[PDB]
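Worksheet for the structure shown next.
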Amino acid sequence: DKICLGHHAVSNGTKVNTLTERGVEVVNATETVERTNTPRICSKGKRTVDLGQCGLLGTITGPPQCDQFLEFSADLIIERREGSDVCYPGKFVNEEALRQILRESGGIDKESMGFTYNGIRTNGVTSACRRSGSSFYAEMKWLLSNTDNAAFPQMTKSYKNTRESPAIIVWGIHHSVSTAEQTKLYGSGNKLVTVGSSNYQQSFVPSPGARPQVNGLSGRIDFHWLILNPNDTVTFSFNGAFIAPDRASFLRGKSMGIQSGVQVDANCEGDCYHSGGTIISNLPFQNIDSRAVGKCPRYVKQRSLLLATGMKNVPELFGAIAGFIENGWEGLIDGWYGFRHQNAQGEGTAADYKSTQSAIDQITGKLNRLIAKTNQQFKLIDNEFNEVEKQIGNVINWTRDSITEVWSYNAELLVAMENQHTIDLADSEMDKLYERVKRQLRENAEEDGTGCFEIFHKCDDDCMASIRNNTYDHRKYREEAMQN
Amino acid sequence: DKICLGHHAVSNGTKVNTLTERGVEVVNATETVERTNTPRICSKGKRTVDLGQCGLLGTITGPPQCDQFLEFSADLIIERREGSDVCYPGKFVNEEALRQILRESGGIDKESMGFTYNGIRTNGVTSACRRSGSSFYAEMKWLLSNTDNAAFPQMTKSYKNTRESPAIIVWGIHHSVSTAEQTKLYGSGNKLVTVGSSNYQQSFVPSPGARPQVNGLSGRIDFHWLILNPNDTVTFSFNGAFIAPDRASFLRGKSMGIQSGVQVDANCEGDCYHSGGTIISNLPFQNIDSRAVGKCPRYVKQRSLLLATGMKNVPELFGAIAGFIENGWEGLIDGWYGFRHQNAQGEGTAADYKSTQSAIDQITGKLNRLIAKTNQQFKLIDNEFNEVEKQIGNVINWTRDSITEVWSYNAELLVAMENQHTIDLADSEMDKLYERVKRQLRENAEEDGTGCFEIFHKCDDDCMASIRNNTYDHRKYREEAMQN
Amino acid sequence: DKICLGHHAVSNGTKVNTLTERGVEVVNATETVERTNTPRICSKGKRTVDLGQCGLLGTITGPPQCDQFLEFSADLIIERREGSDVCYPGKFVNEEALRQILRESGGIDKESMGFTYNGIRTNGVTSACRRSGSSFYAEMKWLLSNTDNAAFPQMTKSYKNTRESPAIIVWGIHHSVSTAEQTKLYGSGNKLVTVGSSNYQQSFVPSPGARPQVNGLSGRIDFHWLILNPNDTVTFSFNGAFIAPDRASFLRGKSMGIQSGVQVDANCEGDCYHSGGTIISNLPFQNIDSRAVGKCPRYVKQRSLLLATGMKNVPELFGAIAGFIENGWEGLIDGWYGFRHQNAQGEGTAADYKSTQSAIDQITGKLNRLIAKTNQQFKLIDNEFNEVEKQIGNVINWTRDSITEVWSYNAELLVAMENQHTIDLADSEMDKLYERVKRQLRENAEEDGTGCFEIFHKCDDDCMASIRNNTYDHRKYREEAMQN
Ligand SMILES: *[C@@H]1O[C@H](CO)[C@@H](O)[C@H](O)[C@H]1NC(C)=O
Ligand SMILES: *[C@@H]1O[C@H](CO)[C@@H](O)[C@H](O)[C@H]1NC(C)=O
Ligand SMILES: *[C@@H]1O[C@H](CO)[C@@H](O)[C@H](O)[C@H]1NC(C)=O
Ligand SMILES: *[C@@H]1O[C@H](CO)[C@@H](O)[C@H](O)[C@H]1NC(C)=O
Ligand SMILES: *[C@@H]1O[C@H](CO)[C@@H](O)[C@H](O)[C@H]1NC(C)=O
Ligand SMILES: *[C@@H]1O[C@H](CO)[C@@H](O)[C@H](O)[C@H]1NC(C)=O
Ligand SMILES: *[C@@H]1O[C@H](CO)[C@@H](O)[C@H](O)[C@H]1NC(C)=O
Ligand SMILES: *[C@@H]1O[C@H](CO)[C@@H](O)[C@H](O)[C@H]1NC(C)=O
Ligand SMILES: *[C@@H]1O[C@H](CO)[C@@H](O)[C@H](O)[C@H]1NC(C)=O
């Protein structure tokens, strides 16, 4: 005598945020922000150099903790906390512009320069750079006088680039503890070290003075560096206090460099590296670390953003889900939408296939659109272990904190618009399934108001099956149902 | 005999911009861009130091206009137009990196260094730094010779950091007017000032020469500064022309620094500061000043962006507001939607409560979403009064003029999408109120085409009240209204 | 006996991307990303200086390839590949901060300084700067000794700014090949060049040494530059090796500077300049060159983004286009929506004017909104021909590659939302045209299910015309059509 219709519901829903409400209960939802990392470095398919105690700048000068790393070759370069560049006390000049070159180099190739020295002692060593006894750096030479006070002749040496890749030359200038020991090593008079190339003329000078003792010594060595282009030349003229190189340095290819504190994993495989592990996920957004390098998801401020993947949960815009149909059915477990007739034969519930699959195919089309990959690869511009310069370091924090505010706005605006459209999408599929059964069942039944029809003739289980499969012929029943 | 329905309207509407039209008349609207500022500095709950004539860098050297500000402590630091750092003519080196430290410091703490000087005159004063007679800076010492030409012995002093906060040490180097007066103060020979720490070795040198007269004098003093870390040391060796410090400098906490031109207000309270006052508002966007610091609304290019908070105004997507209902009622003053019957009893207008409150509750849910607070605090990276460096100043203007173009695009796209959905929201509430009265009044009435029903029986004021309260029983009237 | 209705279709559609599907066939579409450039520089209405072999920094020193360009004046400045700044071998100091000043200057004005020199030879020339025989730069003076070895007196000169615009003064310092030729030109002793102003005290020094031969010579000239403010002064004291200026330099106005490789076109007119031509288009997005200057469209990563400007193509959300109306008509060529009756008179198709023009007027309102102009003018911050500094050059590439990712996200999100709304817009105009004909034709006809009505009386071509023009009086036909 009557044929009703409704939708499915579950007892425990999930609260998502829509464009016009907060906390809307929905049948099913999906997290869209990654929060769990793998506490390892996943490097399947990448040859990997773990430096350890070797600093990143010890591969171009060669302290005794960088003997096995002078001519490395890898695609992933991992620096550590304890990495030191020097053994005799000193530092570089413009050390952060040089580390950004060597992280993307993919290795380094050393070739000899070939300087010959005469009337001069070259094997002056130090007590700090110890391999077996006392030694010095592995690729440079401590040039000092032969007689302890007499003289140091003025020298002039030259080198010429012959390859097609740019070179990295590094030299050193020695600042003694006093003038009383600068004479004890070199001689007298002013000391000049003129460094000349096509684009370089600086003429450095030592500066003896009292210093606090860094690990036993009171002198310093400052290392400088320039870059040759092909078919160019370099000239070093000096009359004392010079730390001459022996080998040049070249590049190999492309790589990346990360700064980590965890181990190296050879079976796992991921391409998003931060200082605490590896972010391996397909989600577009993440809330783990804002300084991650590689192909990574974007950093948001919010920790949880749920995406609705079902209709609204109504347990027991178009006005069907909690419109005139006031509750959902918990017995309907086959699909999303269904029929429940009631006649002289008894009761019986079905489920509709063409309307359930018309709603699932549009929800899955939204999930394939959001689960996508970023093709943009981000490098590493700041240094975690030691302190880039203060004025440009405030520009980097200002820019990163402004792009984070933009992406965390596009995150919650995308989701709240995507759940507003999803709830309205499954609301329209119930209003089209109501109006198909209405205009099929033309003049033989009336409407109740609760989303249920009341048919004016004897329509048994064979007859009610003619309405579900869209084969109801109203013309056979027309002349009898107009009596009622 | 008939029962109509319509919506309310006002004579003077407001033109807003939608996603598909320009200038749509709506019942009520709301401005969403702030344009009025308070011409004061609102600082209730913040301890505040107004510097005035004291420069921001005079608190570490102590000219006579910074006597009361040597050991200040505040949370809001206000600099002025007339602030000068020095009294003897000179300047600093890297003066903009140092002002960015002191604005966020929250005060400064001076502790003594304790250098003793012997065989040497220390109380050399100048005629420009006048407190009572002639004096010098308040925390530094003018070291010069005792006999007017004879000699200046080579000196060496040292200091050691003992606290846990970093220090700010400042020294000075004196460049005389000539060599004839450099001998008249110090002696003869070359002058070296070697400054040594764990990370610093520079060995500065004076440079006598003719200068134009800045306020009476023709010499200069250049001030330099380094930062100690805890358990580190500094050594100053010199044989002349040195301006030695007496006290160190420490930090206290967290603050902000603004550059203003207006007064200080102690009763008002706001947290968005620009150079002309205080932006106090709840609106998300503002068009006052693009260089405001603190928790501020975002800067847009547009001066007016109206947000619709009512239905479309039709005076005398779903097709009800100016669809088949062609005009709005100006007599309906109770709610937004209503009924107006007409029968043998006369006339009478009502208003519907369940449909009016279903539209207001969704408009107010949009206003609570847009009226929100920014939690991100912006500092001050450029200097209005004096001229940051030209190459990095062009990077700051390029970045700020690109984020302004992004937010003024998200401003007018949010509003035009928000008014497109609002007009469609109040259009659907009229189509649901029409179709509820339709299927309630099942076979007893027909439709006109103007949104009005014409009932086929005698339905008086008691009977018409049964339709407004949703209690109309059609079964009692069915067998008589089918005669017509 | 029956009156149907449908929409128009074409055989070949166009596949666009919507918010919920990929590749949706639509009647007509529109490209929204520009890809074709004009391989010229369009400069109608702009006075234009093509430099050619003159470098941009040769207009302030005057080598012999910049004789006609010393006092230029233009609004568009075009540099070339072969532009060289110097004739004697050397370079500038901070050459990139100075080129950014001169590109926006709009010309340059030279005024004389007026130094007189006595007891000294001034006309020392070089063999590299050749105009007729041997000469030197056009606005500077090579000051050297009179007797080949004897002496060079110490000199002191001064200049004072008298205008209201800032000056550009440039001087030079000569670094000889050795000390044996520095004596052969100047004299003996140390050489100082003290440069003093209100904000400048540097006291430079020459540096003789062996250099590789750049085009015949082994010495260098380094050029330096400062800026005067009005009522300020400059003093040059020296005892040798100085390259003194003769004329100052001023600015004229506002301009832009491009770096191109193509010719200059005087009849074309465009305002977006890159290194390969001119982007002339009205489209908001472009995929030609990401380093374009002027009023340009924004750079996206995608090469094609089609915008739908018609309904969905169904050849032979509201459920009319491929809802219950299952195909489109290819005979309907007048408008977008129409009628096709069928009776005893025969057949006949019409087209509806009020529904076709109600859909076109809303599509055109979207095209006027997207085709708009950017008012923001972008300058040129990096240098294509020669290599800005490595650390700040990595900041510029990092920022540009992040704004490109934002705009190419707002590009495909705007289009996919704009085509989702367009298809739903022309779907609702068919559902309003179906329900207008329905409630007009009140109780005289029934519905089929295919979007066609079947009328219960004899309604000929004059009668069917009463339905298309909205003049059908159902009351005249009511008492006869209720018999059926
Ligand atoms: C609900 O969504 C989740 C995704 O979070 C999915 O794994 C699951 O299969 C869905 N269905 C049910 C019945 O949980
Ligand atoms: C930049 O922000 C980081 C926080 O990740 C902080 O450690 C660092 O000190 C900041 N740098 C500057 C110069 O403020
Ligand atoms: C209903 O449709 C199915 C499949 O189209 C068909 O097998 C069946 O005979 C139809 N009729 C009834 C009464 O089930
Ligand atoms: C209209 O909106 C304004 C907000 O601008 C509000 O103050 C006012 O109460 C609203 N109603 C009327 C009747 O003006
Ligand atoms: C940056 O823009 C401001 C405008 O607020 C201007 O005063 C300043 O001179 C600009 N700086 C540079 C280096 O162009
Ligand atoms: C209408 O509804 C109200 C409240 O539900 C009730 O008090 C009243 O009796 C109802 N009937 C009429 C005829 O007003
Ligand atoms: C289709 O759109 C294009 C724009 O690409 C327009 O030029 C054309 O006139 C439109 N109509 C037809 C029938 O091609
Ligand atoms: C910046 O990117 C450009 C690509 O247009 C490249 O030519 C240039 O070398 C890059 N600069 C640096 C410092 O990486
Ligand atoms: C239909 O409308 C047109 C214009 O409104 C009118 O000229 C015509 O007489 C009307 N009637 C018929 C039967 O065409």
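Chain labels run A, B, ... following the order of the structure tokens; each chain numbers its residues from 1, and ligands are numbered from 1 in the order shown.
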
Practice task
Excluding stretch 478-483 of chain B and any residue of its chain fewer than 2 positions from it, enumerate the residues within 10 Å of it, using only C-alpha atoms, and give them as a count of residues only.
Solution key: 12

Check: which chain C residues lie within 8 Å of chain B using only C-alpha atoms, as a short mmCIF file (atom, residue, chain, number, x, y, z; two decimals) with C-alpha atoms, in the first residue's frame:
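Output file selection_9.cif is given in full below:
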data_model
loop_
_atom_site.label_atom_id
_atom_site.label_comp_id
_atom_site.auth_asym_id
_atom_site.auth_seq_id
_atom_site.Cartn_x
_atom_site.Cartn_y
_atom_site.Cartn_z
CA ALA C 97 74.06 48.79 -6.95
CA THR C 194 92.12 60.07 1.41
CA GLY C 196 86.56 62.77 2.73
CA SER C 197 82.95 63.89 2.82
CA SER C 198 80.31 64.14 5.55
CA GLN C 201 86.51 58.35 5.04
CA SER C 203 91.96 56.30 2.55
CA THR C 233 81.45 68.73 0.22
CA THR C 235 87.93 66.55 -0.38
CA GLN C 362 26.05 35.83 -17.32
CA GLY C 365 30.00 38.93 -17.08
CA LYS C 366 32.61 36.31 -16.20
CA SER C 428 19.53 25.85 -14.31
CA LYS C 432 13.52 27.24 -15.21
CA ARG C 439 2.81 25.90 -14.43
CA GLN C 440 1.56 27.99 -17.34
#

Exercise for the section: Check the DSSP output for the backbone and give back, as a PyMOL selection string, the residues of stretch 48-246 of chain A in strand (DSSP E or B). Expected result: chain A and resi 48-50+54+76-79+84+90-92+109-112+121+123+126-129+135+140-144+155-160+167-175+193-196+201+204+214+217+220-228+233-238+242-245

Practice task
Measure the distance from atom CA of residue C:54 to atom CA of residue C:272 in Å and round it to one decimal.
Solution key: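 For atom CA of residue C:54 relative to atom CA of residue C:272, the distance reads 24.1 Å.
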
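Closest to residue C:160 among C:285, C:115, C:472, C:204 is C:115, based on only C-alpha atoms.
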
Which residues of chain B sit at most 12 Å from ligand 2, using only C-alpha atoms and all ligand atoms? Give each one's shortest atom pair and distance in Å (one decimal place), in chain and ascending residue order, as JSON lines.
{"residue": "B:97", "atom": "CA", "partner": "ligand 2", "partner_atom_place_in_ligand_line": "13 (C)", "distance": 10.3}
{"residue": "B:100", "atom": "CA", "partner": "ligand 2", "partner_atom_place_in_ligand_line": "14 (O)", "distance": 10.0}
{"residue": "B:101", "atom": "CA", "partner": "ligand 2", "partner_atom_place_in_ligand_line": "14 (O)", "distance": 9.6}
{"residue": "B:104", "atom": "CA", "partner": "ligand 2", "partner_atom_place_in_ligand_line": "14 (O)", "distance": 10.8}
{"residue": "B:379", "atom": "CA", "partner": "ligand 2", "partner_atom_place_in_ligand_line": "14 (O)", "distance": 10.9}
{"residue": "B:381", "atom": "CA", "partner": "ligand 2", "partner_atom_place_in_ligand_line": "14 (O)", "distance": 11.5}

Same residues, C-alpha atoms, saved as a tab-separated table (two decimals), in the first residue's frame:
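Below is the file that was written, selection.tsv:
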chain	number	residue	atom	x	y	z
B	97	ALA	CA	72.01	45.52	12.70
B	100	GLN	CA	67.34	45.63	15.58
B	101	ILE	CA	68.91	43.99	18.63
B	104	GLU	CA	63.49	43.67	21.10
B	379	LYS	CA	58.49	43.19	13.68
B	381	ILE	CA	62.84	45.45	9.51

Exercise for the section: Could you tell me, as an MDAnalysis selection string, which residues of stretch 199-417 of chain B DSSP assigns to alpha helix (DSSP H) when given the backbone? Expected result: chainID B and resid 353:370 390:417
